[PDB]
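Let me begin by presenting the structure, written as structure tokens, before commenting on it.
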Amino acid sequence: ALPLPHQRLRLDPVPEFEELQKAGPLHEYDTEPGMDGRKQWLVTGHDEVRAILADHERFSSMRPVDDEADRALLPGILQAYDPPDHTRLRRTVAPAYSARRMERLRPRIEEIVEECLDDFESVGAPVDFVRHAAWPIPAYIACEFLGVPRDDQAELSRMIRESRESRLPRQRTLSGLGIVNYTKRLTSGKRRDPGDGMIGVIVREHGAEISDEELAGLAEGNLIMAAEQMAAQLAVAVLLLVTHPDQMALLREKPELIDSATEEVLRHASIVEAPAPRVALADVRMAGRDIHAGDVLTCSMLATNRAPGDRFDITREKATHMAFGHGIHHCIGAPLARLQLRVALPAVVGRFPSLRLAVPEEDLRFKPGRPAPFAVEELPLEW
Ligand code: HEM
């Protein structure tokens, strides 16, 4: 029974949710299941969402649990920590995402794209864009980013894809363990020998600052996140271009619109519809409502990034979106995400000027964004 902040008509929010938004910025709405020991709050007002995420000190990211020390600790997963642990751990990883270090990666990303678009083009049209382009590209990039040996990348990417979208649970569980197990070896092997990866730079700069188990969970986490998020962001960006062919040719010619378009696909997709629920540590007054210590708030990225009447417009100037969230948890991988879109969208458009949907729009299936990211299951294309 999908909550209102995760319901969509295709890519757009639903009329009932946009109607709820009109009543105010804050709502008595149960988004999370379980409870009702704790009061539920749904946050829809833009300023109010910004304010909660910036106020980590009174709003924690840790999971609301009956007793502490009866929660899964989740080593290496940045969005599950609070300061100071998080302040500590964020500082550890941050170097790997420097503007400098990304620029080094740019050429290998360019290559990965061309190589994947050749394989995509290799199969005759129609081709599913989700399986032969949207998954492999970020998957491979995630492996190069992790310093995964070339001859392993193929297999490891299969497991990443399969652990996230297989119809069968056992297969999901199997591929799931393969990645945990592969990541452990690689992390300890990189402790011995710090190399090209992001595991390498973390050891060479903040080796002692991080425990072995916090490397392994981080590495795995960053690997899966990088892949699945970008698979969804890319597929949706392409779907949006393909169903606005003028907008496409407009970026085709005039390549400099890429940054502007990059923001617009982030805003419009908003593949992350809500960030981790926030838990009140103190009593707080906000927007005429009293929030008590127990209460759990769901921030709606969908309420903030979207409005009734939205048009996909890559020429939008004032993207004030929070697709990457806000505050200390603000996506640490945003520079990689933006780099990928900036490399990838020009390449597809510049290669397939007549890139076209091969089935009717109504035949498209969408993965709900309530678990993980919002996505298209399949994107059949011809050119
Ligand atoms: C592609 C589009 C992406 C979107 C829309 C997105 C969205 C987000 C959001 C909204 C958060 C905040 C979570 C919260 O406050 O509860 C977040 C955090 C995070 N993201 Fe992303 N992300 C994207 C890509 C990526 C990529 C490629 C990576 C890997 C490099 C990544 C790694 C992370 C990590 C490690 C965090 C936790 C950071 C922290 O808690 O301080 N994301 N992301």
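Labels for the structure tokens follow display order: chains A, B, ..., residues from 1 in each chain, ligands from 1.
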Please check which protein, DNA or RNA residues sit within 6 Å of ligand 1, counting only C-alpha atoms and all ligand atoms, and write them as number ranges by chain. A: 78-79, 222, 225-226, 229-230, 233, 270-272, 275-276, 323-325, 328-334, 336-337
Per-residue nearest contacts stretch 211-300 of chain A to stretch 155-174 of chain A, cut-off 8 Å, using only C-alpha atoms, as a tab-separated table:
residue	atom	partner	partner_atom	distance
A:224	CA	A:160	CA	6.5
A:227	CA	A:160	CA	7.5
A:228	CA	A:161	CA	7.6
Counting only C-alpha atoms, the residue among A:240, A:127, A:14, A:73 that lies closest to residue A:261 is A:240
Let's see if you can do this: from backbone DSSP, list all helix (DSSP H, G or I) residues in stretch 251-368 of chain A, as JSON, numbers by chain. {"A": [251, 252, 255, 256, 257, 258, 259, 260, 261, 262, 263, 264, 265, 266, 267, 268, 269, 301, 302, 303, 304, 305, 327, 328, 329, 334, 335, 336, 337, 338, 339, 340, 341, 342, 343, 344, 345, 346, 347, 348, 349, 350, 351, 361, 362, 363]}
Tell me, as a PyMOL selection string, which residues lie within 9 Å of stretch 197-200 of chain A, counting only C-alpha atoms; anything in the same chain fewer than 6 positions away does not count. chain A and resi 93+95-97+143-148+186-187+190-191+215+219
Among the residues of stretch 283-337 of chain A, find those DSSP assigns to strand (DSSP E) from the backbone and print them as a short mmCIF file (atom, residue, chain, number, x, y, z; two decimals) with C-alpha atoms, in the first residue's frame.
data_model
loop_
_atom_site.label_atom_id
_atom_site.label_comp_id
_atom_site.auth_asym_id
_atom_site.auth_seq_id
_atom_site.Cartn_x
_atom_site.Cartn_y
_atom_site.Cartn_z
CA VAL A 284 11.01 21.53 18.23
CA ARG A 285 8.46 24.05 16.95
CA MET A 286 8.19 24.32 13.14
CA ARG A 289 3.34 22.44 14.67
CA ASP A 290 5.04 21.03 17.78
CA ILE A 291 7.42 18.15 17.07
CA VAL A 296 9.78 10.35 12.74
CA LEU A 297 9.82 12.73 9.78
CA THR A 298 9.83 11.77 6.08
CA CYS A 299 11.22 14.51 3.82
#
All residues 9 Å or closer to residue A:76, only C-alpha atoms, same chain fewer than 5 positions away omitted, as a ChimeraX atom specification: /A:81,89,213-221
Report, in Å to a single decimal, how far apart atom CA of residue A:232 and atom CA of residue A:354 are. 22.2 Å
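Checking A:121, A:12, A:66, A:317 one by one against residue A:257, counting only C-alpha atoms, you find the shortest gap at A:317.
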Name the closest residue to residue A:349 among the candidates A:204, A:106, A:58, A:254; distances are taken between atoms, counting only C-alpha atoms. A:254
Compile the contact shell of residue A:209 as a list in words: residues with an atom at most 9 Å away, counting only C-alpha atoms, same-chain residues fewer than 3 positions apart removed.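 Using only C-alpha atoms, the neighbours found are residues 88, 89, 92, 203 and 206 of chain A.
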